[PDB]
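Just so it is clear, the values below take in all heavy atoms, side chains as well, and ignore hydrogens, waters and symmetry mates. First listed ligand is number 1; within each ligand, the first listed atom is number 1. One-based numbering along the sequence shown.
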Amino acid sequence: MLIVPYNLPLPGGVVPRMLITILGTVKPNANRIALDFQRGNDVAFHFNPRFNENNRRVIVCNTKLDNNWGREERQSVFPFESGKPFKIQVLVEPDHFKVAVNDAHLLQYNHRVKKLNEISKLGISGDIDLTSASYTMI
Ligand SMILES: CO[C@@H]1O[C@H](CO)[C@H](O)[C@H](OC(=O)c2ccc(C)cc2)[C@@H]1OC(=O)c1ccc(F)cc1[N+](=O)[O-]
Ligand SMILES: [Cl-]
Ligand SMILES: [Cl-]
């Protein structure tokens with residue numbers, strides 16, 4: 001397993017047709033997972049499955065600019081389960097990040113950070129055993 005939190009450098013940032021694949025297994029009794037696509041200290045795209053927010057499971061997405069969180073985007077479809085292996089695929093499209101989990105489309109998140117070639121790191125954190133994290137151009 002990789003050591004979490006794990007930094008995956010994205011050389012030259014992201015660009016449409018770039019596919020990021022994250023393979024891992026959710027720990028037992030998980031509380032949270034996070035993917036943080038970073039532009040320096042800013043978070044262009046925060047993808048945050050929350051296993052217990054007032055006893056409901058929700059994915060929170062958001063952007064952090066100059067240490068300030070923005071307006072959350074919430075999805076109640078929640079494909080993750082404690083103890084089970086998952087695959088997250090993040091495909092960069094021209095207007096959004098497109099996210100599929102276990103080969104099923106989950107959500108999209110409009111680009112708020114516009115300098116895609118400056119989103120140069122992906123932070124992977126939380127209650128997972130991380131098998132692998134990689135990218136390919138499709
Ligand atoms: C207003 O709350 C914040 O919302 C942000 C998204 O708009 C971020 O998700 C942020 O988390 C971190 O940046 C963060 C968290 C932990 C670490 C180890 C490092 C960084 C924080 O979330 C929680 O604290 C939260 C609130 C209610 C919840 F049920 C669950 C969570 N949670 O997952 O932390
Ligand atoms: Cl490692
Ligand atoms: Cl920008």
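Proximity of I33 to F80: side-chain heavy atoms (C-beta onward) are separated by under 4.5 Å at one or more points. Looking at heavy atoms from C-beta onward, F47 lies in side-chain contact with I59 at the 4.5 angstrom threshold. Side chains of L10 and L122 form a contact here, defined as non-hydrogen atoms less than 4.5 Å apart.
Checked by distance only, ligand 1 and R50 come closer than 3.5 Å through their nitrogen or oxygen atoms. Not one N or O of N52 is nearer than 3.5 Å to an N or O of ligand 1, by distance alone. Here's the thing with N31: none of its N/O atoms is less than 3.5 angstrom from an N/O atom of ligand 1.
Counting atoms of ligand 1 from 1 in the listed order, those under 4.0 Å from a heavy atom of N48 are 9 (O), 33 (O). Taking every non-hydrogen atom of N62 and a distance limit under 4.0 Å, the qualifying atoms of ligand 1 come out as 6 (C), 7 (O).
Looking only at heavy atoms of the protein, atom 8 (C) of ligand 1 is closest to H46 NE2, 3.4 Å. Summary of contacts: the protein heavy atom closest to atom 20 (C) of ligand 1 is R32 NH2, 4.2 Å. In terms of protein heavy-atom proximity, atom 10 (C) of ligand 1 is closest to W69 NE1, 4.0 Å.
Under 3.5 Å, the side chains of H46 and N62 contain no donor-acceptor pair of N or O atoms. For the 3.5 Å distance criterion, the side chains of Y109 and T63 qualify, holding a donor opposite an acceptor.
Under a cut-off of 6.0 angstrom, the local environment of CD1 in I3 is sparse, with at most 12 non-hydrogen atoms contributed by other residues, nucleotides or ligands. For NZ of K98, the number of neighbouring non-hydrogen atoms (other residues, nucleotides, ligands) closer than 6.0 Å is 12 at most. The environment of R112 atom CZ is dense: over 12 non-hydrogen atoms of other residues, nucleotides or ligands sit within 6.0 angstrom.
Proximity of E72 to ligand 1, defined as any heavy-atom pair under 4.0 Å, is confined to the side chain (atoms from C-beta onward). Residue-level proximity to ligand 1 for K64 is absent, since no heavy atom of it falls below 4.0 angstrom.
There is no protein heavy atom closer than 4.0 angstrom to atom 24 (O) of ligand 1.
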